[PDB]
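All remarks here apply to the structure that follows.
There are 2 protein chains.
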Amino acid sequence: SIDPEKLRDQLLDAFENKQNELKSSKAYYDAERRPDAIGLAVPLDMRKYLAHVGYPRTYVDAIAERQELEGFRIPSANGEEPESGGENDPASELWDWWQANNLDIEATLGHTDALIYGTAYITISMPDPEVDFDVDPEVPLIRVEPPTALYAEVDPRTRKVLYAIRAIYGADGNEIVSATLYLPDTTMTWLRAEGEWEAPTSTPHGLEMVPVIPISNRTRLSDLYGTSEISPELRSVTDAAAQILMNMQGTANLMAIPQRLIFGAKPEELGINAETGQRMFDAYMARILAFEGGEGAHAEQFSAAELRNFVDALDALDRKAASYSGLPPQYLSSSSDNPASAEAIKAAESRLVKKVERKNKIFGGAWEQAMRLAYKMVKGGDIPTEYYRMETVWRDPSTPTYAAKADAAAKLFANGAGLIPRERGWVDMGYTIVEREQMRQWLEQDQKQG
Amino acid sequence: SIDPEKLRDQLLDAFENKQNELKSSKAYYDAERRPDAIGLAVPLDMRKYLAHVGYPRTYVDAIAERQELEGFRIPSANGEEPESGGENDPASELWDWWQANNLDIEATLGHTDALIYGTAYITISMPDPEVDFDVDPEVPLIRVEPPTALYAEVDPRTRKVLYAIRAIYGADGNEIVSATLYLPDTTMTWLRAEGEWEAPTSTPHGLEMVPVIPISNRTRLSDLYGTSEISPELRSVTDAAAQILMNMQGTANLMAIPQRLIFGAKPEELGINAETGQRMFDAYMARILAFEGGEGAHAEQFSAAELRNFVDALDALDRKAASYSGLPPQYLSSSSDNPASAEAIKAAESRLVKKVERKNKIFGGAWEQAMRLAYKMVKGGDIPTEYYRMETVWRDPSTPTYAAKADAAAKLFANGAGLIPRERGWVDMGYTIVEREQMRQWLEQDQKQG
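Chains as they are written, first to last, in the working numbering: chain A, 1 to 450; chain B, 1001 to 1450.
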């Protein structure tokens, strides 16, 4: 074993060296200045006019805008018809803790950092009402923290955190305000660190496991720790398009206009004020310049650069940015048409929808594990074995066409004589767990009227 | 512990220091003059003719105008029915305070500043008879204040507000008229600052917490304080398009015309007046000029500049501004096409609706907390456990499309024989929480009469 007072410092050194890596994908999402984005043809004084490109934000927030959790699901042990418990159902307690924590806000934020940096960390604890307020003391704290703060060391052999270090800098400083260490049997906090480390508070717990769960953006089994969603090809297209926009904007200032020359003109004959090298003339529209010069003298011009030559490359990179991201082509305007029918919409969104179903599946695993730790921490003892087979139920990622499903559900449920039971029609209409449990009240009240 | 006067000083300095940041986002929404917007080809006297670009205002307005609070939902006691009650039961009590304050106006404004600056503050208080207020005396006086008038300090360790201050400025001389300081113990005010402060008034609170709740535009967990909705790529495309409009408008004054020339002339041959360098000729239509010529004299032109060379760049930037903001393409006129059907509308708005539903959760969290402090301030004691599981309910951000839902809802209800209870059809039609209660009474009058 290792002494916590020294273990925290190797964890803070490991955490601080990770900040140097994940500063990279931040620069694409926030659209910070990058050397590779600067358009090489633009003169060195005009290179201050950066041209930031929004594809990484547009992809990452399109994957995050359409994830929502409807509730949890747990099998009955030897019974059947599980939802008949209602407010007594084992799944309704886990959803009650999800609501009491505001996880429908905290998780939809954390699913954004999990895509930007490739990982984010759920944490579990009991509230301490000596110091914490605006929280119900009966239910566990579940809190999600980004990899720019909480850091964790993961076992190469099995999916476990060995230990993790939580807390943060303050007042926009470089200096740490406080640190917290998680260990398989205790949590320790150094309540201040600004002048020097103040002596730690400590709180033991019976989990035999670290109360930190990584939401990790894995794609292969080969991804041990998850990876940023902003893939190398989408970075390369973002930087490629930023150079084209900047070179086009340089050209629109310096060269989108023909340059006018006269040869065989003596400057002292044209009347150039030689102390300044230039001559004013009145340039109202229909004036004719008559020149006295004739010694082979003539006017000629350099042609304008056509800005359309760069736009033909901007359009080509918009076909690449759409193709690699799998967004509908109308998200980036890579085609003129939007779809115009409930089937054609489902066709265009299909790859975005299947990418989001893959994310709902992967992040659902972390929420199962976090809810099992929250149960073990609150209820004590050990897990009722049905919770190892729990599931997460997520909202349909596709655009909600209402009328196209309302006709279909009404054809299938032909006034009770049809193909499906009433309750199955409600889940095909997409009414969430809490909405169906409320409709079971209104349907019973309507059955009193006839 | 801390002196309120030294704290007032130290955080009026922090409030004033923040204003130098906020002006960098105000300048894009108000369309103030910016160095980066001035197109470089335009001559230095013509650079007064600024072109201003409306993408930042268009995006922030389109997000702010679609969101509206429909009511508060508080979970019931045992029996799982949050529609149960009336007569000041929880959902109607909190909505009565919302309506009695006109927060349907104050929040519609405050969400705009929360998107422009990245934050705005909700202030909770009791009213008093000594100020000339026209307000209901037992309603909690809830107001919203911009970061240009209120500032607050947030605890990095657990995201509570530690402290806040208002500073209020006179229109003449731009100097402070009064300031108000918020602490968990009390609110204090210095009603004058003319030459120097008065001695402060003070009013204690039964809260354990500062009665100031930040609304913040939280983009992700690693964004601690919320950030301006006018992202760096939408700034970049706004300034890029302003430079093209400047240079195009310069070119429409200089060079949209072919400049015409003559070579091999002499002054006294054309009759040029030697005192002025000019020669009027009566230039009505179809007349022919005849010249002495000699010396190989001939007439020739510089070309006009083709103005569509800039319009091809204006169109390209109108595709990028639509791509980065996620507005429908017809909002910026990035194409002439328009959605012909209720499904085609859901396709075009798919990005904008989900971006507004993302804001409804993030700003909903602040309105839950503000109503929870207001209850604890009015009723005293401590909060009933159900208010920790409260949620805000919001209007659907989609354009209404009534007749497309009307027969979908009618075909699901099927005159009471169908798939859904009557009360659910009213929710899917989008009737608001207060508005459904009117129908729930007219239905009883119709049932009694018919």
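Positions of the beta carbon are idealized from the N, C-alpha and C atoms, including for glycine.
Give the secondary structure of residue i by DSSP, where H, G and I count as helix, E and B as strand, and everything else as coil.
i	result
A:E153	strand
B:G1365	helix
A:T158	coil
B:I1074	coil
B:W1394	strand
B:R1166	strand
A:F302	strand
A:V212	strand
B:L1181	strand
A:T385	helix
residue 483 of chain A	The structure shown does not extend to residue 483 of chain A, since chain A is modelled only from 1 through 450, so no value can be given for it.
B:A1290	coil
A:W426	helix
B:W1190	strand
A:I433	helix
B:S1202	strand
A:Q278	strand
What number of angstroms, rounded off, separates the C-alpha of residue i from the C-alpha of residue j?
i	j	result
A:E269	B:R1279	19 Å
A:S125	A:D155	22 Å
A:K6	A:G173	24 Å
B:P1146	A:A313	43 Å
A:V177	B:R1389	32 Å
A:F281	B:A1240	32 Å
B:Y1331	A:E343	25 Å
B:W1190	B:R1159	28 Å
residue 453 of chain A	A:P35	With chain A covering only 1 through 450, there is no way to say anything about residue 453 of chain A.
A:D337	B:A1322	14 Å
B:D1061	B:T1112	7 Å
A:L162	A:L11	11 Å
A:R73	A:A41	59 Å
A:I420	A:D407	14 Å
A:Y284	B:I1288	22 Å
A:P400	A:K346	10 Å
A:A199	A:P127	21 Å
B:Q1243	B:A1051	8 Å
A:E87	B:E1080	7 Å
A:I257	A:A286	20 Å
B:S1202	B:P1129	16 Å
B:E1106	B:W1098	10 Å
B:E1196	B:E1437	55 Å
Which residues in the same chain as residue i place their Cβ atom closer than 8 Å to its Cβ, once the five residues preceding and following it in sequence are excluded?
i	result
B:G1418	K1411 and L1412
B:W1095	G1071, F1072, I1433 and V1434
A:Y117	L22, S25, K26, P146, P147, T148 and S228
A:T119	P147, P214, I215, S216, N217, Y225 and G226
B:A1193	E1175, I1176, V1177, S1178 and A1179
A:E386	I74, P75, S76, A77 and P90
With a Cβ-Cβ cutoff of 7 Å, do residue i and residue j count as a contact?
i	j	result
A:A299	A:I262	yes
B:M1248	B:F1302	no
B:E1306	A:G54	no
B:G1071	B:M1246	no
A:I168	A:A149	yes
B:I1122	B:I1213	yes
A:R66	A:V356	yes
B:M1439	B:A1409	no
A:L69	B:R1220	no
A:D136	A:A100	yes
B:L1317	B:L1352	no
Mind pulling the chain E residues with CB within less than 7 Å of residue i?
i	result
A:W190	Among the protein chains in the structure shown, which are A and B, there is no chain E.
Give every residue of the same chain whose Cβ lies closer than 7 Å to the Cβ of residue i, excluding the five residues on either side of it in the sequence, and list them in chain order.
i	result
B:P1204	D1185 and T1186
B:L1115	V1060, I1063, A1064, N1217 and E1229
A:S236	none
Once the 5 residues before and after residue i are set aside, which same chain residues still bring their CB inside 6 Å of it?
i	result
A:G271	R279
A:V393	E70, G71 and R73
A:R143	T123
Next on the checklist: As an exercise, report each continuous beta strand (DSSP E) stretch of at least 3 residues that is fully enclosed by the stretch 1224–1272 of chain B, in chain order.
Outcome noted: 1260–1263
Checklist entry - Of all the alpha helix (DSSP H) runs that stay within the bounds of the stretch 1318–1364 of chain B, which reach a length of 4 or more residues? => result 1329–1332 and 1342–1348
Checklist entry - What alpha helix (DSSP H) runs, 4 residues minimum, are completely inside the stretch 48–131 of chain A? => result 55–64, 90–100 and 103–116
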